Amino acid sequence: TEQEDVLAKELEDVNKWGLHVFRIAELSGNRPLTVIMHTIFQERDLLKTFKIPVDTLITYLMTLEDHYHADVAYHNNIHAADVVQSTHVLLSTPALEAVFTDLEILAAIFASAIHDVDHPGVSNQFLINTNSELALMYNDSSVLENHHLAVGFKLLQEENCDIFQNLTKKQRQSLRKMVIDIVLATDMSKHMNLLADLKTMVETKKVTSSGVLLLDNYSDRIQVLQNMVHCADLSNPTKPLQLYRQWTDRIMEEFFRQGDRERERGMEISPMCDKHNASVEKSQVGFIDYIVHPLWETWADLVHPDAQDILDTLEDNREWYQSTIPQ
C-alpha cells in the first residue's frame, strides 16, 4: 500500500541526522516512538543480541508511548522518538566507533526512549511551587527526571512488557544503573556541571592507533553517554530549520500554556512563559548562545570532526532567527 511505502522510505533515513520525525508520526497513526524504536532495534540487531521477543518489544513500546501525553506540544512521543533517533546517530559517530558495548548502547537508547515519559507539560519548579505530590515524593530534587525513570521501569512490569526478561542479573543490574545515570543527567540544573566535566574530558582526550577515543573507567564512559543523550535532548536547534521550527513553536506553546496556568493561580509568570511579553526569536538566539552552542561546541571538540556539519547547521539556525529579530 502507498501509505506504507511512504513510511518505509521516510524510515530509510533513520541513521541520518535530520530524520523527518514529524512526517513519520503522521504516517504511523501517531506511533513514531514505536516505529523508530523498533526500526533502530533491528538496524542494531538488538532484539537478537538480547533475545527480545518481537511481541514483547512492540507491546512495551506501545505502552511506553501511551504513557507520553498527546495533549503536550513538546514533551510527547515525537520528542521521545526524536531524542532516541538522535542518540542513535550520535552513537554511530566515527570517533566513538567500537567504544561502547551492546549493553551500554542499549542503555543510552532505552534511557532516551523514557527520558520524559508521562511529562505533565510543566517544569519541576511549577510542581514544587504547587506542592504537587510528585514534588513531595522526590523532595524537590529532579522531580520530573526521577518520575520519568520511575515510570519507564515500572512499565516493564506490565503484561508481556519486560523486554529484558532474557537478560542476566549481571546485565539487568548494569543496564539499570546506566539508565538512571543518563536520565538523571537530562535535568537542566545539572547542565553547567555536565559541560564543565565534558570540557575537562576534552582537555585530556585520549585516542588510539585507530584514532577512536579511549574510555578506560566507568566515570568517563558514562560521562560521554550522559552528554551524548543530553546533546540529543537539546538537539532541535542543530536540526534542519524545517524541523527546528516545529520544535520551537511546540516548546513555546507549552511554555505559554504553563504561563497561562501560572497566571490562573496568580503565580509569577515563569521565564519565556508569558505570551503577552514574549521574544520567541530573542529567546531562541539566547538559548543557543548560552546553552546549546556552548554545549555542542564541546561535543564537536570531542569527536572532532564527526560533528562539523551539525555545529555548522546550528550556527546557521542561530542567524536565521537573529535576522528575524524585531524589538
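Throughout, rigid core stands for the largest set of C-alpha atoms superposing within 1.5 Å between the two forms. A residue's number is simply how far along the shown sequence it sits, counting from 1.
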- Message: After superposing on the rigid core, which of 206-214 and 223-231 has its C-alpha atoms sitting farther from this form in 6 other deposited structures of this protein?
- Response: 206-214
- If you line up the core and then measure how far each C-alpha sits from this form in 6 other deposited structures of this protein, which stretch comes out higher, 316-324 or 2-10? 2-10
- Segment of higher mean CA temperature factor, 195-203 or 249-257: 195-203
- Message: So, looking at the entry's B-factor column for Cα atoms, which has the higher mean, 92-100 or 182-190?
- Response: 92-100
- Query: Of the options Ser112, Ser219, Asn139, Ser123, which has the highest CA B factor as deposited?
  - Reply: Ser219
- Task: Determine which member of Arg263, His67, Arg31, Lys275 has the highest CA B-factor, using the values in the deposited entry.
- Result: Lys275
- CA B-factor placement of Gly211, once the chain's modelled residues are sorted into thirds: highest
- Entry-reported Cα temperature factor of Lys170, expressed as the chain third it lands in: highest
- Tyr60's Cα B-factor: lowest, middle or highest third of the chain? lowest
